[PDB]
Amino acid sequence: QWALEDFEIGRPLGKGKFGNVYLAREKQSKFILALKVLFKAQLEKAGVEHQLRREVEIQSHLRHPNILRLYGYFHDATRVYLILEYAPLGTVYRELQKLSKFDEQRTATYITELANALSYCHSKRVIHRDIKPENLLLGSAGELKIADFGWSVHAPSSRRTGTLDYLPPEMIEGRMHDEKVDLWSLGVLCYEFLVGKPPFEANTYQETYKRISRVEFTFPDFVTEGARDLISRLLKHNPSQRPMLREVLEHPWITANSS
Ligand SMILES: Nc1ncnc2c1ncn2[C@@H]1O[C@H](COP(=O)(O)OP(=O)(O)O)[C@@H](O)[C@H]1O
Ligand SMILES: Cc1c(C(=O)O)cc(-c2ccc(Cl)cc2)c2cc[nH]c12
Ligand SMILES: O=C(O)[C@@H]1CCCC[C@H]1C(=O)O
Ligand SMILES: [Mg+2]
Ligand SMILES: [Mg+2]
């Protein structure tokens, strides 16, 4: 059992939907970590308290070098506190903003780390459902770590939940979905890492929705044939058509540019 009194709080690491994440140090051990602070009132207002227990329950039981660790949790009269592994090199989101786009080698490496973490996840029938650059953190060696299990569930799920940019058609239409949702988000990520923006991006939610439903996207000329092949294979309206993660890892373009 932990209390807030056990940690020295540092700077904010990032903004959340239901609070903020802070850098922190555990007083007795000097263990540097991240504290994801959530407000009870806002969670209650949204009726997401059940889903927060699920984020904790799912993430605490995962052990993989490419998945962010959740060490524990505690709560007080006003807040819920998630004790996370601190990712010192920040988000893939911030790296993409400064670099504009990644080269094929950096993209393929990230796709490999993601595919390994996802393979491990799906082995436990865990669907992340919120795979996006702001939820992909970087370890001390620059290795990708899947974070933010806030929308995580066990497959299959029929459970409903913007922006729609990373969501597959079946999730967008409120239909039943499985592990294939993360294979779709992988294709969206691969495209965004190479192009600098996701394939269904738009000025409005309405326009993005139509693009995802139609699987309506085009590649800029600089996107190679091997990158086009893997992305096109991953972005299939039909979840059944989406390849297994094993095939993603053995894709010629992945093996040639990773790691
Ligand atoms: N362990 C961590 N180390 C470093 N930065 C983090 C960590 N966890 C979260 N962040 C930062 O805080 C942001 C919000 O955290 P996240 O868990 O994704 O919250 P939410 O569910 O509100 O989206 C992230 O996008 C990232 O910028
Ligand atoms: C009022 C209250 C309690 C409580 O006192 O039992 C617990 C939680 C809560 C704690 C931990 C986790 Cl992981 C999830 C929910 C939440 C969330 C919103 N209101 C809450
Ligand atoms: O961790 C959270 O802030 C939330 C818990 C409840 C479900 C949604 C989730 C999120 O936005 O990631
Ligand atoms: Mg997040
Ligand atoms: Mg979240």
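Residues numbered from 1 in each chain as written, not as in the entry; some residues may be left out. Chains lettered and ligands numbered in written order. Heavy atoms only, no water. Residues with missing side-chain atoms left out of burial classes, pairs and counts.

In terms of determination method and resolution, the entry is listed under X-ray crystallography at 2.115 Å.

Draft legend 1. Quick look at the layout of surface pockets. One number sums up the size of the second largest pocket: a volume of about 260 Å³. Along the walls of the second largest pocket sit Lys40, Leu43, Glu44, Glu49, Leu52, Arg53, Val56, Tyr73, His75, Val80 and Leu82, which together make up its complete lining. Every element with two or more residues in the lining of the second largest pocket is listed here: α1 (40-46), α2 (49-60), β4 (70-75) and β5 (79-84). Ranked by residue count, the leading element in the lining of the second largest pocket is α2, at four residues. For the lining of the second largest pocket, a count of residues per class yields six nonpolar, one polar and four charged. (1 Å grid on protein atoms, 1.4 Å probe; cavity = no way out; pocket = protein on both sides within 12 Å on 5 of 7 lines; lining within 4 Å. Points joined across faces, edges and corners; volume = space filled by probe spheres on them. Helix = DSSP H or I, 4+ residues; strand = E, 2+ residues; numbered from the N terminus. Nonpolar A, V, L, I, M, F, W, Y, C, P; charged D, E, K, R; others polar.)

Draft legend 2. Geometry of the coordination of the magnesium ion (ligand 5). Each protein donor to the magnesium ion (ligand 5) is listed here as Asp148 (OD) and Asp148 (OD); together their distances run 2.1 to 2.2 Å. Separating the magnesium ion (ligand 5) from the magnesium ion (ligand 4) is a distance of 3.8 Å, and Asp148 supplies a donor atom to each of them. Inspection of the secondary structure puts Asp148 in the loop between β8 (144-146) and β9 (153-154). (Donors = N, O, S within 2.8 Å, 3.2 Å for Na, K, Ca; no water.)

Draft legend 3. Structural detail: the domain arrangement of the chain. Taken as a whole, the chain is organised into domain 1 (4-84) and domain 2 (92-257). One C-alpha centre belongs to domain 1, the other to domain 2; they are set 25 Å apart. Each partner contributes residues to the interface: domain 1 has 16 residues there, and domain 2 has 21 residues. Approximately 1,500 Å² of surface area, both sides summed, lies buried where domain 1 meets domain 2, with 61% of it carried by carbon and sulfur atoms. Scanning the region where domain 1 abuts domain 2 turns up two salt bridges. Between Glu134 and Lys17 there is a salt bridge, and its shortest N-O distance comes to 3.5 Å. On the surface where domain 1 and domain 2 come into contact, there are eight residue pairs in polar contact. (Domains from an automatic or database assignment. Contact = heavy atoms within 4.5 Å. Buried area = accessible area lost by both parts, 1.4 Å probe. Salt bridge = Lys/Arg side-chain N within 4 Å of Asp/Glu carboxyl O. Polar contact = N/O pair within 3.5 Å; in protein donor to acceptor, adjacent residues only side chain to side chain.)

Draft legend 4. Looking closely at the packing of aromatic side chains. According to the stated counting rule, one finds 12 aromatic pairs in the structure shown. Aromatic side chains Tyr110 and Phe193 sit 5.6 Å apart centroid to centroid with 65° between the ring planes, which places their arrangement in the edge-to-face category. Neither residue differs from the other here; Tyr110 and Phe193 are each classed as buried. Put simply, the rings of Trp184, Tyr191, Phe200, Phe217 and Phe219 pair up and form one aromatic cluster. Seen from the ring of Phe102, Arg106 lies directly overhead, with NZ or CZ sitting 4.6 Å from the centre. (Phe/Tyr/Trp six-rings, centres within 6.5 Å; stacked < 30°, edge-to-face > 60°. Buried < 20%, exposed > 50% of the residue type's maximum accessible area, 1.4 Å probe, protein only. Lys NZ or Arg CZ within 6 Å of the ring centre and 35° of its normal.)

Draft legend 5. Here's a closer look at the site of ligand 3. The full set of residues close to ligand 3 is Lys17, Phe18, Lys36, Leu38, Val48, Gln51, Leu52, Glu55, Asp148, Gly150 and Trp151. Within the contact set of ligand 3, an oxygen atom lies 3.0 Å away from a side-chain nitrogen or oxygen of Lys36. Here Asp148 contributes a side-chain N or O atom positioned 3.1 Å from an oxygen atom of ligand 3. Taking 310 Å² as the accessible area of ligand 3 by itself, protein coverage stands at 96%. At the level of secondary structure, the elements contributing two or more residues to the shell around ligand 3 comprise β3 (31-39) and α2. The element contributing the most residues to the shell around ligand 3 is α2, with three residues. Residues belonging to the shell around ligand 3 are distributed by class as follows: five nonpolar, two polar and four charged. Shared between two domains, the shell around ligand 3 takes at least three residues from each, and those domains are domain 1 (4-84) and domain 2 (92-257). (Near = heavy atom within 4 Å. Areas by Shrake-Rupley, 256 points an atom, 1.4 Å probe, with all protein chains shown as cover.)

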